[PDB]
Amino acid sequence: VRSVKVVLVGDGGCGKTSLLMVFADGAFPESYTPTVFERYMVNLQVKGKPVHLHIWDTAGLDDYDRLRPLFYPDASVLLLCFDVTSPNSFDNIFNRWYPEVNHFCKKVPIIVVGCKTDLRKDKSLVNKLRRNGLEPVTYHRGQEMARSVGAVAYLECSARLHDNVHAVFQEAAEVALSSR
């Protein structure tokens, strides 16, 4: 009976809650609702062994920055999320979320995650970005960020399409347990 505390952080609307709901309840939310804080408990297997997962869903808005550090203590792994379509959320991975994590959680492993991957293959959206001289984030750019931040791994997923979702948390529990 091994338990692991998982905490997700990332800019508001980058898709933290949708990632968890699809993983836990198997349901995707169409309407955006800013999360305050929630705890999802999930039983999973790791290399043939059951591992309970305490998972916390934080608020990415700037208005809850003073409440968020309450969930950092006793963390086993930190998922730093960003929106692939929003270059701003990719910057705040290093400008905003890394200093906040490095301040409190000096030793907790970091796993950078790129969300809303399904939006990369949307012509109507990428052209709106390309007309403004901006391209969606690519794999080698998400990797260099995880490297610059000092993350252990770097994964991508799409909550809208269930792809690579269950794999994100399997890697989270493996890093958390092997680093214990």
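Just count from 1 along the sequence shown to find any residue number.
The deposited model assigns a higher average Cα B-factor to 43 to 51 than to the other stretch when 43 to 51 and 142 to 150 are compared. The entry lists a Cα temperature factor for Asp57 that places it in the middle third of the chain's modelled residues. The entry lists a Cα temperature factor for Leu78 that places it in the middle third of the chain's modelled residues. For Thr117, the recorded CA B-factor ranks within the lowest third of the chain. Only modelled residues enter the ranking. Among all modelled residues in this chain, the alpha-carbon of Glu30 has a temperature factor (C-alpha) in the highest third. Residue-level temperature factors show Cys14 in the lowest third of its chain, judged at the C-alpha atom.
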